[PDB]
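One chain follows as structure tokens, the form deposited in one PDB entry.
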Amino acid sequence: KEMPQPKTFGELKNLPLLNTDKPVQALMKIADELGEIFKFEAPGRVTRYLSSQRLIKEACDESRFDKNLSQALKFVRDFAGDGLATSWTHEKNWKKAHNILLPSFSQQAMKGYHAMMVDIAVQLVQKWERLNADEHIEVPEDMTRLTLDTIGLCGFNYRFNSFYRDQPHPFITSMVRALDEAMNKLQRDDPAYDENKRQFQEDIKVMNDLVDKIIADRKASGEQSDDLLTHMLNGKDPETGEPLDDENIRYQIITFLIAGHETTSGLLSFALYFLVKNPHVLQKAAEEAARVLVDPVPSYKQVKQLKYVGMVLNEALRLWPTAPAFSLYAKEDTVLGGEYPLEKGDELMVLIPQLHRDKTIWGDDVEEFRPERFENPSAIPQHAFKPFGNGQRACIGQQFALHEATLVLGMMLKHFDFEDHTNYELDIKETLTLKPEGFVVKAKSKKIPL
């Protein structure tokens, strides 16, 4: 009945606990100490962090709980607008954009994006083929180059050309700096932050200007590509009969870049980390890649046949889900788990890394990397594995992310042997997402042509 709570700081209550550069990992340690639920209080804010499948499966009851905009999402909304990820379910533009965009993100829709994904994947492979002896790979950096260029190409047929640059495209610099300012605001307004504010508005203008120009350029030409922008310029919501307006389309494009690039590149980086730390898994995954990817360019159907590669990605998502939490609110008065009464509007946070370590679901070996857990998807209980959120507010880009990640990891395993030449010590950097900072490897080419 009584709910545990971490240590407090006088008037600031629990808020200073978030004044750390690894807040998700700090919250995981608190969940280890306090259990399946703990209260987190701040000035004018109260929330509850859930860690057990028992309680999270109730929180995922859409008849009782809806998606809440966390403080992080509220700050991101200042440039993501009423895009899909930062809009309330009851806002007209959520259901409208959801209905219009759901078919463009289906598994069948990945057939149309496949060629553009291969374009960037081949650039990644060619970069590593052209490395000199004893040179190494900066894994999260190159994975971020890939995912960002892939969403740029599939999103609105724009080439950031990250593999031609040391310093990223100005749009990316502003987006990254905008996300940093939004996240820094959480653990933070005195007059000294006036420089942060002016820079924040400058970065927002950079993002809007480029995206608005591309939309305007596309409308003035009438050209039709295989990208999401063409789909949004021609799509109509069956319910309202309306299309997305130019402003919301911009917010959707910004959202795809934010919500998609860093989560997906982290997944690829974590997957390669776990593969080089578990050579038996790497051998098993590389064997499948060699057997399935028999052509110089992988086909869509071949990517679907990379079952074990997909198992590797799911197990990487189990241990380190790169979008590590989502927020919910109680639609009405209700009782959670038969002992925690909640009032209408009360907030809940789902700590996904803790859910994925619930020993009552996964057994005692929760910390071991074993893709064989996902050998048969039916053995996974309901709401035990939630790397892509829940219900109608689940990740719309799930099939996009998993197809890109399966394609790229498969090509990496086909074309190179990998060496953990530094015996890299896992150090997880936290931004809006999670990534293994400083993860480096050496790649020895198998000399297989593209």
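Between two forms, the rigid core is the largest collection of C-alphas that superpose within 1.5 Å. Note that residue numbering follows the sequence shown and begins at 1.
Below, we refer to the form deposited in another entry, which is not included among the displayed structures.
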{"item": "Core-superposed comparison between the shown form and the other one - Cα displaced by 2 angstroms or more, from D180, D119, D346, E141", "value": "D180"}
{"item": "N132: Cα shift of 2 Å or greater between the shown form and the other one (core-aligned)", "value": "no"}
{"item": "Core-superposed C-alpha of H169 shifting 2 Å or more between the shown form and the other one", "value": "yes"}
